[PDB]
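Trainee: Here we go, the starting part of the complex in its complex frame:
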Amino acid sequence: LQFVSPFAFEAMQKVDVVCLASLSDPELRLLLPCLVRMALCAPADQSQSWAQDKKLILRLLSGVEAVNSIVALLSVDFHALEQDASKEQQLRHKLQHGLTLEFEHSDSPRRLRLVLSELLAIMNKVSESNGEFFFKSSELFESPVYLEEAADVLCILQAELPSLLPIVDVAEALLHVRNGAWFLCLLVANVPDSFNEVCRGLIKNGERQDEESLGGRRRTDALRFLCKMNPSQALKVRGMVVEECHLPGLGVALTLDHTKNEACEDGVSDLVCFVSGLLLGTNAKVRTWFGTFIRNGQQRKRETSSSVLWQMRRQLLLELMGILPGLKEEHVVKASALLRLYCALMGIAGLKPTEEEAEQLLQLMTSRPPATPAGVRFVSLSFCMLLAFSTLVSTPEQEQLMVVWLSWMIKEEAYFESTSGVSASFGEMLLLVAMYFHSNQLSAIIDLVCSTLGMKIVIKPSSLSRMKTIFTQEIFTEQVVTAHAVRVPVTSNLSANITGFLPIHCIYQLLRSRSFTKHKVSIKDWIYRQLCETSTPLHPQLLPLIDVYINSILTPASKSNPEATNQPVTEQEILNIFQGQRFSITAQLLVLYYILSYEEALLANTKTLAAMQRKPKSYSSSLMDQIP
């Protein structure tokens, strides 16, 4: 069978007579009835340009005897045919030869009556079927010899009986008809302006979440034929699909057809953009409906390569093949977008990935990005991706792979921050998840992972227990996380407005643990820089932090090891703060709090200091009377 070409359809829609002259014989044979209706019938427009258009329509109408066939068909009396149709409709509400043979031998009025009876019977059968898909067989409509003239007669019926034959009901009846996809393509080719109405009626009568039904498959194929014959409005059809929340496999088919039409390797593909917008968009019903679609495609255990799900999965895999090289510079944002889409796939839509998909996922995890803020974002999402789905790594090969990768990361934590310029959000979330693992704050682990991902999924606590066994033994020890914490830069412009879980909370908990003085790590530089950079209002952790700090300066960590002692802030630094303007107001308020608590704690707890015999530098009277 030959479908109507898009060039022919745009020529018909734009009514360009030179274009219609440029089209060749078979498409004009397909498009005869409307053109001869144009050339014979009384014109609504009487303009002279339309007169030249009409004589050129005659010029191209040279050479066809089906013109005379349509002449006879128009000569049949439509009022009598209509009233007989109405009476037969009322009766239905209340031939030895085959149908093709009767169509052939019987004259044009009997032909019209028989095709009208078949269409009306199919319409009534659908209307009593009430959306239940059936199959209706007619040898006239299934005889490949007589398809052309049969479709011409159907076009004449549609053009002659608007009220008796609603075009949307005709479209549904022909959807039930076996060759009615080709028939409807010819119908919309003859009547171009009803294309949107036809597509709307099809998707309104379509099913919600079944692409495996026969009727759903036929509707999908018909709309695919329509979008193939009109590629310009294919994305519009996709738009109404998204609006009406029907036929998601059909929407995927449109997306794949358009990404086959357009080859733009510079940007992110419209497939990735469209699926990401559906899965991560604000429309809850669309997200749930598409998730149900992915669930059905996943639970479909049959490996059918013509499935649109396997099609778009393969297209995504090939796009990842194009992305994956050392990682290139400009590919990083595209890779991160693909990662977010994949997380949308297995997290909220529950697509189980196969072993090669998982291997490529681990390769993309362990890919080394350049030292950019984009690379920082990429590695943050990658670490959260693996933490979210530790199920991706199964074999010891990928186990030692991600161990080596994470070892490389913890060697390049502050290096990445220093090269980027932005504070290490990745390093600080590493610090947070480190003490979350140590104190078994798995709920906080889950919440931080979801917040980093920007989308809510549920994650397995036993999988996080396995990752805890990986994480807390050889990757992160007490001294390792201590060094990591002291090399984390401070939270810039710290206040109570910036909410969350903070490195200041981490440092406070560590100093409660006294691990800094246990592993001999200087903390006064970190405290000094954070408090010098702090502004107003006040984050409520600062005062207990400073009190624990001053208690750690005086009281040693261990009885057996009295030497465990943090060095206090130097009076030269206190002068540099109190020069005043260079600093804030909250900074020297906290510094005054620290020094006064220092003096009071020295003159209160002097018994332990006497037992220690390491009396620290009591501050000078010059410092005391330079402080206002």
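Mentor: That came through fine. Residues are numbered from 1 along each chain as shown, chains lettered A, B, ... in the order given.
Trainee: which stretches of the stretch 1-150 of chain A form helices?
Mentor: For the stretch 1-150 of chain A, helices defined by DSSP state H, counting those that start in this stretch occupy the ranges A:6-13, A:17-22, A:25-30, A:32-40, A:48-61, A:66-75, A:78-93, A:99-105, A:108-129, A:139-142, A:147-160.
Trainee: Could you check those helices and tell me which one is nearest residue A:353?
Mentor: helix A:6-13 (37.2 Å; C-beta to C-beta). For the C-beta atoms, the positions are set from N, CA and C on the backbone; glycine is no exception.
Trainee: Tell me what angle that closest one forms with helix A:32-40.
Mentor: Counting by axes from the mean of the first three to the mean of the last three C-alpha atoms, to 10 degrees, helix A:6-13 points 30 degrees away from the direction of helix A:32-40.
Trainee: for helix A:6-13, packing partners?
Mentor: The contact analysis (3 or more C-beta pairs under 8 Å, 6 or more residues apart in numbering; DSSP states H and E) places helix A:6-13 against helix A:17-22, helix A:180-190, helix A:214-229.
Trainee: Could you single out the most deeply buried of those helices?
Mentor: helix A:180-190 (a mean of 23; mean count of other C-beta atoms under 10 Å).
Trainee: Next secondary structure element downstream of that helix?
Mentor: Once helix A:180-190 ends, the next helix or strand along the chain (criterion: DSSP states H and E) is helix A:195-205.
Trainee: which residues are contacting that next one?
Mentor: Helix A:195-205 has contacts (C-beta atoms under 8 Å, 6 or more residues apart in numbering) with A:131, A:167-168, A:171-172, A:175, A:184, A:188, A:219, A:222-223, A:226, A:230, A:233, A:236-237, A:240-241, A:244, A:246-247.
Trainee: in it, what counts as buried?
Mentor: A:195, A:198-203, A:205 (16 or more other C-beta atoms under 10 Å).
Trainee: could the residues you listed be laid out in TSV, adding distance to residue A:391?
Mentor: Shown next, in TSV, are the buried residues of helix A:195-205 (distance: C-beta to C-beta, whole Å):
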residue	distance to residue A:391
A:195	47
A:198	46
A:199	41
A:200	43
A:201	45
A:202	41
A:203	37
A:205	41
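Trainee: what's the closest of these to residue A:551?
Mentor: residue A:203 (70.5 Å).
Trainee: From residue A:390, how far out is the closest one?
Mentor: 41 Å (C-beta to C-beta, to the nearest Å).
Trainee: circling back to that earlier point, list just the nearest of the buried residues of helix A:195-205 to residue A:260.
Mentor: Using C-beta to C-beta, these come closest to residue A:260 at residue A:199, 20.3 Å.
Trainee: The following sequence is to be added as chain B:
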Amino acid sequence: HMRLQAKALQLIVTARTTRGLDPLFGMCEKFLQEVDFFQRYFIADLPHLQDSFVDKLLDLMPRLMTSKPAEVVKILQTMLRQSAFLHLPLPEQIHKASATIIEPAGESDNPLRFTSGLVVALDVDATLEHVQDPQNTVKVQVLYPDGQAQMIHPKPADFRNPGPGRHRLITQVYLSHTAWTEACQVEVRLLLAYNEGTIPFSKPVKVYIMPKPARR
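Mentor: Putting chain B together with the chains above:
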């Protein structure tokens, strides 16, 4: 005069929004009828109104009888755009009425409790200041929180007159409804009716009401 001007502006706006030529005709007929009622009632003071909207419109009145409503509202629009501003002669030491409910206080969180369908009598004690015809004008309005307004008239023995032009309203208001799940707030306000419509001139008070179901 100002009320006529208001009706004219409302007619102009409905003319802007309305497509029906016969609704326009009806509104025009009623508006001109009200203008005729105004001039018939106030034959006088037409010399007192100089360069006035109403008197210039009375001069142009027969052409409005002749003409279609479209040009009627067009001329009325321009006419009232550059019509006038009238002087308002200030009278002697007049006062505006003021109603203040001193009882119930309404700050009580202790609800008033009864059984379903039965009525509770709530005293209303208010001071009215500078009201003429108080027993016929001052009426009580109670809003039940299911949204309905009950209008209670006081009997004319409830209007004590201790002094000149200052009255006290002491009355009963009968509140009943079906049972409620929790206590709610019933609105009590003093409406002033004329002769045709009502005007609130008191601060509303909220009273906590809670009906219980039957005990057995």
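Trainee: try what packs on helix A:6-13 again now we have chain B.
Mentor: helix A:17-22, helix A:180-190, helix A:214-229 (3 or more C-beta pairs under 8 Å, 6 or more residues apart in numbering or on different chains; DSSP states H and E).
Trainee: in the longest helix along chain B, what's buried?
Mentor: Longest among the helix segments of chain B by residue count, using DSSP state H, is helix B:21-41. Residues of helix B:21-41 classed as buried by neighbour count (16 or more other C-beta atoms under 10 Å in any protein chain shown): B:24, B:27-28, B:31-32, B:35, B:38.
Trainee: In terms of secondary structure, what does it contact?
Mentor: helix B:2-17, helix B:53-59, helix B:61-66, helix B:69-81.
Trainee: quick one, which of those helices is nearest to residue A:444?
Mentor: Minimum separation from residue A:444 across the helices and strands packed on helix B:21-41 (C-beta to C-beta) falls at helix B:2-17, 59.1 Å.
Trainee: beta partners for residue B:185?
Mentor: Judged by DSSP bridges, the bridge partners of residue B:185 are residue B:208.
Trainee: OK, contacts around it?
Mentor: The contact partners of residue B:185, taken as C-beta atoms under 8 Å, 6 or more residues apart in numbering or on different chains, are B:145, B:206-209.
Trainee: want to try a markdown table for the residues you listed, with neighbour count as columns?
Mentor: Output for those, formatted as a markdown table (neighbours: other C-beta atoms under 10 Å in any protein chain shown):
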| residue | neighbour count |
| --- | --- |
| B:145 | 13 |
| B:206 | 16 |
| B:207 | 21 |
| B:208 | 17 |
| B:209 | 21 |
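Trainee: Tell me the one among those residues nearest to residue A:73.
Mentor: Using C-beta to C-beta, the contacts of residue B:185 come closest to residue A:73 at residue B:145, 72.5 Å.
Trainee: burial measure for residue 97, as a count.
Mentor: No chain specified, so I'll use chain A. 11 (other C-beta atoms under 10 Å in any protein chain shown).
Trainee: I was after chain B.
Mentor: Neighbours of residue B:97 (other C-beta under 10 Å): 18.
Trainee: now do residue A:55
Mentor: Residue A:55: 11 neighbours (other C-beta under 10 Å).
Trainee: Report whether residue B:199 is found in a strand, as I expect.
Mentor: Yes. Counting by DSSP: H, G, I helix; E, B strand; the rest coil, residue B:199 is part of a strand.
Trainee: Against residue B:190, how distant is it?
Mentor: 10 Å.
Trainee: got any residues that touch both of the two?
Mentor: When C-beta under 8 Å, 6+ apart defines a contact, no residue borders residue B:199 and residue B:190 alike.
Trainee: And the helices in the stretch 501-628 of chain A?
Mentor: A:503-513, A:515-518, A:524-533, A:542-554, A:571-577, A:586-604, A:606-612, A:621-626.
Trainee: other SSEs contacting the first one?
Mentor: So the one you mean is helix A:503-513. Applying 3+ C-beta pairs under 8 Å, 6+ apart, we find helix A:503-513 packed against helix A:425-438, helix A:478-487, helix A:524-533, helix A:542-554.
Trainee: Chain C should join the structure above:
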Amino acid sequence: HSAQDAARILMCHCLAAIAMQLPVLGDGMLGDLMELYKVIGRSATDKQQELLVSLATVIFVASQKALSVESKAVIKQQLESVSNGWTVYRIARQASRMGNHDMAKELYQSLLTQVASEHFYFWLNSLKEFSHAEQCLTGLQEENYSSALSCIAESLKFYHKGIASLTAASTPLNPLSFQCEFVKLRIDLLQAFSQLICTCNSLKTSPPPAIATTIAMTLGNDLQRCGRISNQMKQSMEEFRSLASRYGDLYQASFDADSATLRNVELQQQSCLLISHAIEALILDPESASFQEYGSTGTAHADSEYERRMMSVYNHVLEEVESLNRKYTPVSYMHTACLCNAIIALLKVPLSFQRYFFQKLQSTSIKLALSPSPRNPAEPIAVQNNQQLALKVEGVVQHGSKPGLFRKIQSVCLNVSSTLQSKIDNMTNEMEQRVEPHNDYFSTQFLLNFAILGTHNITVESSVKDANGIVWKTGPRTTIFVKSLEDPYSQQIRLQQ
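Mentor: Next up, chain C placed on what we already have:
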């Protein structure tokens, strides 16, 4: 000419205002501002970004018409010489504001090729696609319907790509609700235009012949000069009116924009209603129409040259339809030509991307926490159905900044109704109450009465009404499930009844 590169930013802002009022001031002296632009690079060292942004804004205002390729190449030369990405992004945003979509497309392409993050990338990409589609729309020829619909199809393909990438950029935080909804309504407007011009072209597809074949041409039974085309005109009129209703909905749900953006949305709804009235008063019954624009129109009190241009187009369409109201029979000989002319003018005026589509201010919100019996899950709340039900709704208003930037909240009209969850849809209780928040917290008690066995859904609305008094339908519109069971003694008595 005579300035020392400090006051130039200030007078550039000022002359931008003056040319924003009167358009001729830019195309009068296009050249000298480009000369100052070319001397910028070796003229400035300290606020290069600021004066670059200002003078690029005014070069767009000056070249409100189609921008010269040489001029934009010089602009790109200086920007690629010395600029911040944030700088050139602000030039791009001003280009989107004025309407120079080709330059906008180029700048969005460069910023897209850099970016760093994901929603940022998708946001820039969507902006790029709308700029490209608007470039295609500006590439239009007068009185050529086939080329016009081809350009429409191309631009609609590019909005489809852009709106997909915009939904990709959408996040639970900073959700682009206004942006997505406004661009979707623009898409639907252009789809309606394409469908209307398609039916206009198919007017000559023997519809009068179908009418004359079905019924007598003289004294037509379906209509006087009846037509399936007239039926499609009725469909288009109803669709356009629905689109105008959606625009009114978008505006009244936005409520947060400034005067320029709210005015611009009003103009888009104006265009939609113009097409609706044109197709209603010309194709449909003109005697029943009988409408003449006997009112003041064409005053230059507008706040934008864009607004003036749409207003002039409106005056042109009104005068043409008022001339052609009674000339022809309903066969629509040149009525289709008049409609096509209106469409071509309305698409020749390009667009104006606006501030609330961009940076948003005065972000006000209503929390609107109801406090019934607390339904932590979606379990419905049992009521005895004999007494009543109380609601105890509560709302607290929050402001992202200085609350009174444009509109100060005055009163909150809460609106509560019921619905029968188990299938007149329980539309009996249609309450609304106008609570005035004295402070930023308020509560109000509602009583619901129902004696129905099935589950019900209860819906509330905020209806924030401002100082001068507007509807402004914003707010959460949350819903609560309520169960309804009855006394066993009551059921036994009813069974005995």
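Trainee: What about the contacts of residue B:185 again, now that chain C is present?
Mentor: Under the contact definition (C-beta under 8 Å, 6+ apart), the residues listed for residue B:185 are B:145, B:206-209, C:445.
Trainee: Apart from its chain neighbours, what residue comes closest to residue 192?
Mentor: I'll assume chain A. residue A:13 (4.2 Å; C-beta to C-beta, 6 or more residues apart in numbering or on different chains).
Trainee: I was thinking of chain B, sorry if that wasn't clear
Mentor: residue B:199 (4.9 Å).
Trainee: give me the number of residues near that neighbour?
Mentor: 10.
Trainee: my guess is it meets residue B:191, correct?
Mentor: Yes. Under the criterion of C-beta atoms under 8 Å, residue B:199 makes contact with residue B:191 at 6.9 Å.
Trainee: what sits up against the longest helix of chain B?
Mentor: B:1, B:4, B:7-8, B:11, B:14-15, B:18, B:46, B:54, B:57-58, B:61, B:64-65, B:69-70, B:72-73, C:290.
Trainee: Please find the angle between the direction vectors of it and helix B:2-17.
Mentor: Calculated by the same axes, to 10 degrees, helix B:21-41 forms an angle of 170 degrees with helix B:2-17.
Trainee: quick one: helix B:21-41 to helix B:69-81, angle?
Mentor: Going by the same axes, to 10 degrees, helix B:21-41 makes 50 degrees with helix B:69-81.
Trainee: Just the C-alpha atoms of helix B:21-41, please, in CSV.
Mentor: Listed next in CSV are the C-alpha coordinates belonging to helix B:21-41 (Å, rounded to 0.1, in the frame of the first residue of the first chain):
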residue,chain,number,x,y,z
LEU,B,21,-30.0,46.0,22.8
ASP,B,22,-33.3,45.3,24.6
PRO,B,23,-31.6,45.0,28.1
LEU,B,24,-29.9,48.4,27.1
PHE,B,25,-33.4,49.7,26.2
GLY,B,26,-34.9,48.5,29.5
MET,B,27,-32.1,50.0,31.6
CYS,B,28,-32.3,53.3,29.7
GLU,B,29,-36.1,53.4,30.3
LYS,B,30,-35.8,52.7,34.0
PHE,B,31,-33.0,55.3,34.4
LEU,B,32,-34.9,58.0,32.6
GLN,B,33,-38.0,57.0,34.7
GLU,B,34,-36.0,57.6,37.9
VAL,B,35,-34.8,60.9,36.6
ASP,B,36,-38.4,61.9,36.0
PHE,B,37,-39.2,60.7,39.5
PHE,B,38,-36.4,62.9,40.8
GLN,B,39,-37.5,66.1,39.1
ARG,B,40,-41.2,65.5,40.0
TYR,B,41,-40.3,65.0,43.6
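Trainee: Point me to the residue of chain B nearest chain A.
Mentor: Scanning chain B for the residue nearest chain A gives residue B:19, at 28.7 Å (criterion: C-beta to the nearest C-beta).
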